[PDB]
Every structure is written in C-alpha cells, then in structure tokens.
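Enquirer:
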C-alpha cells in the first residue's frame, strides 16, 4: 500500500526522475536568459550569499584589520507549489500506468517566467537590478522599425556605442515581442544575426517597444545559480502530496556599461 | 524513543494490526448492506471510476469510431478522523501495556453508519442513487402492521409484484426500526424468513414506516468496493498522531425493478 | 498483450476457475430439483442417449436375434450466451483487478430456471415428461388451505394414497409460491416437514394453486446429468469474447405412480 | 502447412513485426497532431476512462463523503479492417518471398486521417470537443492573405491576443490547404516559423479558409493515448485472415483559451 502512513518517498525512483526531467525540459524550453548568460556553476543549496563584485586586492606596533571591499548579495529563491492526489499515485504503481506531471510542468513554466522577469528587470525594493534597469547602461535612441533596415541601423548604432567603451566580443540581442513582430520584410533577422554572433532572441518579459544588446562574457555578467530548478516534497497534507518546484539564482552585473538598451 | 522526530510508523506491526482488526470488526458488526449485497471484490485504491451498466456490444473507405455506451461513475470515499496522544503510544511500548483503540472504533462506527446511509439513500446532488430512491423500483401500498399477519401479507404482495417482472430468487427484506418493533406477536419474523431466504434485517438508516424487499444477485445489484475500510496515518501534527478511517465504495443498481419498497 | 490475435485461452487459470465457481454457486443457489432428485452421476459430454427404463432381461437350427426392450431418450442441452469485452479482460490482468462475472451469473440463473421448468413440466413436442405432466401420477383433490390445517390434511391424504401402491419412504413436497404464501398460521411448515423427511420446498416454476409430493429414491426417479453446468468459450467475434453457460441433463421417471400432484 | 486449421498466429514473428512497423510508419507519416500535441504516454489497453480536468483538492459526529470534482471521459477507439488471403500467406513462407502489406498501409492511413479529424473537430454527439470547436477559444477576424504579409499580420494579431491571457510559450500554427497554398510570395513561411517556434504545419482535415494557433504545453492540452496504433487478428473467417488496425486515444483541452482560430 504505502499510502496508509506518512512517507519519506511517495514516488519510485523512476517517478521522481520523470518528474525531474520534465521540470528541467520545461525550464530549458521556456528560459531565454540561460542562452545569453554564463552560469557560475551549481554552487549548492548551502550557499546563501555571493560576492557581487570582483576581488581587487588591498605594521607599526599595531595589528592591521583587513575587511573585504567586495559587496555581497543574497541569492533569491523562486518557487511554485502544486499538488498530487494519492489515488492517482496508487494508480500509477498498481496499474503500472504512467504518472501525469502536468501540474509540475505548469509550475516549472511559471517559475521559469518569474526567473526571466527577475533577470531582465530587478525588484527595486530588495536591491536586485536587471539588464533593463542597471545604472551605467548605455542607452541609444530608438528608430523607426517599420522602414526596411531601421532595426538594423539601431543595432549598428548600439553596437558602435557599446564598442566605444572597450566592449566588443560576440554580441547578443534580446527583443520584445512587439519589436520581434516587425521583422517581416524577409530574412532581416539573419542580417542582424551576422552582427550578433551569440544570437537574436525574443523575450516576452520585455515590455513595450524595447530591446537590449549585451556584450557577453564572464567578465561582464554572470548568472550565479545556487541550485538548479528542481521539485521537492513538502510533506503529506491530508493524504494528498504537495510538491514545490524551486530554483535559487542571482544575476551579477560586473560591467554595467556592457549593456545597451533600445 | 522514536517520539523525538517525525515518524514513518508510530505504531508497531502488532499495534497496526490491532487497529485494523478492530476497525474491520466494528464495520462488520455495524454494517447491514454487506449481508444483502454482493461485493465486486476489492478493486484497489488506484481505481477511481467504475461502469454503472452492463456491456452490451455494438467500413466504406472510412474508419469507424467506437465509443463505449456504458456509463461510468466515480467511487465515493467516506472517512472519519481521530487522534492519538504520543504519550499514550509511548506508554503502550515501554510499559508493554495494550493500546486503547476506542477512538478508532468510534470512527469506524460513524463511517459504517454513513456507508449504510449512502447505500439506502443516495445524494441527489452527486448523482448517486439508493435502494429507496431508485427510478423504476416497484412500490406496493403499505398495510396495517398492527393486525396479526399484516406485515406477512405486505411481503407476499411485494414478492408477487416483484415476481411479475421476472425477478424471483432468494429474497432479502430490510425494515425500519419502527416496522421491526411491530413483530411482537411471536415468531412472526420466522414466518417471513421462510419467504425471504436471504434474510430479514433491521436498518436504522431507514426513515419512517418504510421497508424494502430486494431480489438479490450480481446481475441485479452490486457493491463495488475500491478499498475496504482501513485506518491510515495522516502525518504527525504537534507531537500528536492523527489517523483516518476511510473506505471507498459505490452501489451499482443494474436492474432497478428488482427493488420493491413498502 | 495476447489481445492482438485469436486466442485459445483469453482468461487465466484463476479467471476460468472464478467464472466456473460463480456459475456453479448460482446454479446451486437457484436450483430446487437437485435437492429432491438423485443424480445418475456426471456421465460425460460424449453421452448423448440414455435408457429411460429398467433392464428386465429377456435355438432350433436358427440363430436368435436379441434386441433390448428398454426405450432410449436423448439428453437435452440448455444453454445461455453472454459476452465479455476485451478491454475489460485486459484491465483484469494488467491492472491486477478482479473480473466482473455478472453476465455469467445472469446466464447461469436463466439456465437454472429453464432446468427447473423442464424438470417440473416436460415439452410435449420433444417427448419429455415432467413431474406434473407424467401419465400414471396419483392426483388428489385440493382442499381449502386458508383454514388451519387444510394443507396438512391435503398432504396426509396425498401421503396415504401414495402409500396405497407400495411407495412410502422419505417424502419430498414441492409447492407453488401461491401455496407457500398460505402457511402464515405459524410453524405450520414444520408440522409438514415431520411427514416429509426429505423436505418441503418452494418452486417458482409451478403454476397456479398446485403442488407435488414425491416418494424419493433412485428406483423411482433419477436426474441423468450428462454434463454439469459449465461455461465454454464460443470463439472470439470482433475482438470481443462470447461465452456460453450450458448443461446437459434429462429427468427419468421409472415409477410414475410415485408422484402425487395436488 | 499450418493452413489446415484455425491458427493462433498465421504470420511469423518477422511477418507480424513487418506489419506493425509498416502501420507505425504510415501513422507517423500521415499524422500532424502528434507533432503539436504532448502525449500522456501509452496508458494501456485496460484503461477506458481518463480525467478531463486537473486535480484541485477539496467532522462533527458524522463522517464526510469526498467525491472527486474532476470530470471523466471515455477513450474512443478508431479502427479499420482489412483482409489477407491464405494462399498469399502460404506463398510468403514456402517461397520465402516478402509479404504485401498494402492493405495494412491503407487501413493505417484511413485510421490516421480519422484521428486527425477527431483531434481538430469533435463529434458534438458523444461529447468530444476539438481544437476548432472548443468553448472559450480565442477567435481573431481573418485578413486578406493575398496581400504580402497578410498572413503574417493575422498570426501577429492571434499571438498578441493569445498573449493577453497569460499564454505565451512556443507557438504552433496549423493551416488549411487553402491557406497554405497562399504563401507563394517566397520564404514567407520561414518568417512565420520565427514567431511559431514549434512549427507551421498543413492539415487537410481543416475545412475552408481556417487555421489555428495553439500555445503548446502539457498544462494546456494533452493527447491521452490508451494504446498506440497497432494491427490485431480478428480470427480466421473462411480460410481467409481478417486483421484490424486500431488505436485508442482522446484529446484533453484543459485551458481552452490557449487556442486561437482564424
């Protein structure tokens, strides 16, 4: 039975691994920032604060007191809860029928949307900054995208001004849906991907007529992931089984002038 | 100790088996419908819906689409909660003294009363029907039971009219307490048990001056039991241990004209 | 799978044995003639004709030709068909859930009703006789059963006249429902069971205000059962599985004056 | 010989596996909904009903009765019959020559056409809904597709309105042949595949000047496949061998506002 008491493990090893791979594949399919940002590895669930800066480095009958000049920030956690019926779990095992993980997929999609929202825009009340709200970014006037080549000229101007401060490298462009739906002239996206070697992507979190061009590289910006998106058991409730899809991560912008918004 | 942390199993194997047999014996002692109904086996906790009908059975350059004409209904669950103190459980094991299962017995009795109520009368809002509320039943005018033989004549009339549609077989009679308390003439119940071979029983769920005669048989009516009455651990609360006596079952009336109410 | 082709055995050994025991128990619960008749054993499915009489027993330059004076009669077969869905059988095995045998139970009940009808009344067009239609039976005028002891006096008269031809022995009485529903005076059935040692039974096949008293014994009447009631597979149809509950048996009345109808 | 009697298996293992792979490849080549829908696994032939909703989740001297609020629907079966001559099967084995499976291929193609018809349009008499007939779908006025970019603008409007309710994600567009034959301006399909990441497909079941855009994901819509398309033996007829290509599946639309028809 295994349903007549509180359980350490309500699902079998294969059921947990089908819940985890579904969560991971939904996250990979719905996340856009992981394709333009470098990951500072999976640090571990025990890591709570990370340095937001780079380490620079620095007696007469008195000892010296050395304190790190680097600033530290705590890693936020984004989570979403869902529930599984116990009779459905009993049906998976005794009938030998697959388990439905639609609730887990929906929770993972919502958590991945929240992650991209946090990456592109910060919070302004917990101290977190985003790519579109960082201080020091380079901002270029927008141009008429309806004309053939207006978006190309805007990207050229953005690239040139981002170059003028010593940031070149492969470039990555992320555009709002309202800008992305104006590239209908033909293969006009392919003549912007030749200036953006890392890629041109569409982000639904971007609001209004806005886009961003970033000079990629670990020296400019990282995504410190304390723990990757995963599903965890919150303990049985009233015979039913609640689970939580959670991920802990932070965005570190070390060179705020490597970002150029439109 | 085993009380200093959350537990998979707060009771020992013998304690669980003394809780389960007490629940089963209370259910058997307090249930009347299991003596007049045939059980469609213990289907399992994974079974959630069952067919309410019997399977009857049923190209030109086009494939055919076959859908079952049988109707399906979901199996209801009846449950009752009780609580066990942790110090009392510690006293069972360390003092080697029996455990008190009075709360479990009371919960089982309440759940068995609810089961009989659901069997005899449906719900009318969740779609469930009962023996006294089914459409198509055969209803006979009642007679004066105070006179000697009035109940016998009522049962004879009920039997004859139930016969007139091809339903004979061993007959089972279930009477309300107010009808059962009117058989004081002597061994008058024993001259009705000779017409009802399956038995004459008393049911406290029956309301008013009412009774029922059923032509027993799997072809006429079944009691699909997804899972038998059992006690399950709902997880530790604040050091204390809540348990739930639960049973999942449904009543299937396939020949509604095999039932005759008084 | 085992459902992707025509099958020798659609059910497992345990499924066949649960179909067979259900058929047998329904037959035993619904048959009344097997309690008053002696069985001439299970002869076998290969037996088609049986002698209807008892063997009594019976040269000048010419051989003699001996032909048995016993008459022979062919054993009738009573059958009823039902159907099982293939998806339900697949659900029994893969889900490990019990199989529903309600159709088999209904077919067995109908076949058992037909058997009792054939036993009590013959056919008159295939040559078969019954207990209530045999030539030579002893018939006694009926009496008013409403009066206290009228049925007892009728049975006494029947017993005395059945005695007057050398037939005593344990007596067996079978009454119609309309006669059986007139024994409400009290334990009046128990004062007739003291004259009928084999038993007083109720038969729904008997029509009108009629009953029968038989002097039991193999020398007077037998029930030759070529094959007992059993379920057989008629071969797959269109993915679905038809089965047949069948029984082959005949009633042999060797002393027609050992039967007394009311 | 093996043709002189009824057979469990008229074909050899390799012949069955060449009949099954041909059926599967025809289904894969002729099915379009399996490329835009997520499959709720092969549940098994024993599964007959599935929940059409998502599980949400929910004493005083009285037990509580809990009934699932989820609605259940039965899984339809689509089948097509074909026939194989016995002399042709004998020729496959004794001559060691390949077997012709053209009839199986045709039956699989017809069954796959019926599956797509059922997916896109329901039945309206058995309770099944489709992508083009669901209640709650988002419907956008159509535009002149002859003009260069009219289809692109229609898809942009559909995407924006489907976005306005919280459904973004990879988008999948399915168009009727009469709409698909109007993309002759050049690589205009490739500038709509940049807004539909899951793909733009053509469906012959769509009628008139109609198309659909769906926000893919298990949380929005699934295709519960009880059993995949397979060929089964219906039993020998008159020396000849009939087979049936059958598939049991249902479409589950849990978020009807994730669908936008043109």
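Protein chains in written order, with PDB author numbering: chain A, 2 to 59, 69 to 272; chain B, 2 to 59, 69 to 272; chain C, 2 to 59, 69 to 272; chain D, 2 to 59, 69 to 272. Virtual Cβ for every residue (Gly too), placed ideally from N, Cα, C.
(1) Reducing DSSP to helix, strand and coil, say where residue 209/D ends up.
(2) Give the secondary structure of residue 52/C by DSSP, where H, G and I count as helix, E and B as strand, and everything else as coil.
(3) So, for residue 213/C: in the same chain, excluding its five sequence neighbours on each side, which residues have a beta-carbon less than 6 Å away from its beta-carbon?
(4) Distance cutoff 8 Å, beta carbons only. Does residue 97/A sit that close to anything in chain B?
(5) With distances taken from CA atoms, which of 93/A, 132/A, 36/A, 6/A is nearest residue 117/A?
(6) So within the region 97-176 of chain A, which uninterrupted alpha helix (DSSP H) runs reach at least 4 residues, ignoring any that extend past its ends?
(7) Contact criterion: CB-CB distance below 8 Å. Does residue 160/A meet it with respect to chain D?
(8) Please report the straight-line C-alpha distance between residue 78/A and residue 90/A, rounded to a whole angstrom.
(9) Against residue 201/D, what residues of chain A qualify as contacts under a CB-to-CB distance less than 9 Å, listed in chain order?
(10) Could you check if residue 262/C is buried or exposed, using at least 16 other CB atoms within 10 Å of its CB as the buried criterion?
(11) At least one CB of chain B closer than 8 Å to the CB of residue 36/C: is that the case?
(12) Starting from residue 31/B, follow the alpha helix (DSSP H) in both directions and report where the run begins and ends.
(13) What number of angstroms, rounded off, separates the C-alpha of residue 41/D from the C-alpha of residue 11/A?
(14) Would residue 56/A be called buried (16 or more neighbouring beta carbons within 10 Å of its own) or exposed?
(15) What residues from chain D crowd round residue 128/B, counting only those whose CB sits closer than 9 Å?
(16) Say yes only if the C-beta of residue 37/D is nearer than 7 Å to one or more non-hydrogen atoms of the ligand FAD, and no if none qualify.
(17) Between the Cα of residue 266/D and those of 143/D, 6/D, 135/D, 17/D, spot the shortest distance and give me the residue it belongs to.
(18) Keeping to the same chain, check which residues put their C-beta closer than 7 Å to that of residue 234/C; ignore five residues upstream and five downstream.
(19) For residue 143/A, decide whether its Cβ has a neighbour in chain C, counting only Cβ atoms nearer than 8 Å.
(20) How about residue 130/C and residue 215/C: do their beta carbons lie closer than 8 Å?
(21) For residue 134/A, which residues from the same chain have a beta carbon less than 8 Å from its beta carbon, with the 5 sequence-adjacent residues on both sides left out?
(22) Going by other Cβ atoms of all chains shown within 10 Å of its Cβ, with 16 needed for buried, is residue 170/C buried or exposed?
(23) Any chance the region 155-170 of chain C sits against the region 194-210 of chain C, with 3 or more Cβ pairs inside 8 Å?
(24) Am I right that residue 46/D and residue 4/C are in contact with their C-beta atoms under 8 Å? What's the rounded C-beta distance?
(25) Does the region 97-115 of chain B come close enough to the region 105-120 of chain D to have 3 or more Cβ pairs within less than 8 Å?
(26) Using 10 angstroms around the beta-carbon of residue 59/D, count the other beta-carbons present and answer buried if the total reaches 16, otherwise exposed.
(27) Can you tell me whether DSSP reads residue 266/A as helix, strand or coil?
(28) For chain B, find out if any of its Cβ atoms is closer than 8 Å to the Cβ of residue 70/D; answer yes or no.
(29) Relative to the alpha-carbon of residue 20/B, which residue among 255/B, 82/B, 272/B, 271/B has its alpha-carbon at the smallest distance?
(30) Look at the Cβ atom of residue 194/D, then the Cβ atom of residue 96/D, and state whether they are nearer than 8 Å.
(31) In this structure, does DSSP put residue 34/C in helix, strand or coil?
(32) Whole angstroms is fine: what's the gap from residue 125/A's alpha carbon to residue 269/D's?
(33) Which residue or residues does DSSP assign as beta-bridge partners of residue 59/D?
(34) Going along the chain, which residues of its own chain have a beta-carbon closer than 6 Å to the beta-carbon of residue 244/C, five neighbours each way excluded?
(35) Taking 8 Å as the CB-CB cut-off, is residue 231/A touching chain D?
(36) By DSSP, does residue 188/D sit in helix, in strand, or in coil?
Expert: On the basis of the supplied data:
(1) strand
(2) strand
(3) 33, 184
(4) yes
(5) 93/A
(6) 112-130, 160-173
(7) no
(8) 36 Å
(9) 193, 194, 195, 196, 197, 198, 199
(10) buried
(11) no
(12) 14-31
(13) 21 Å
(14) exposed
(15) 75
(16) You won't find the ligand FAD in this model; it holds no ligand whatsoever.
(17) 143/D
(18) 41, 44, 51, 85, 259, 260, 262
(19) no
(20) yes
(21) 143
(22) exposed
(23) yes
(24) 6 Å
(25) no
(26) exposed
(27) helix
(28) no
(29) 255/B
(30) no
(31) helix
(32) 25 Å
(33) None, per the DSSP bridge assignment.
(34) 252, 254
(35) no
(36) helix
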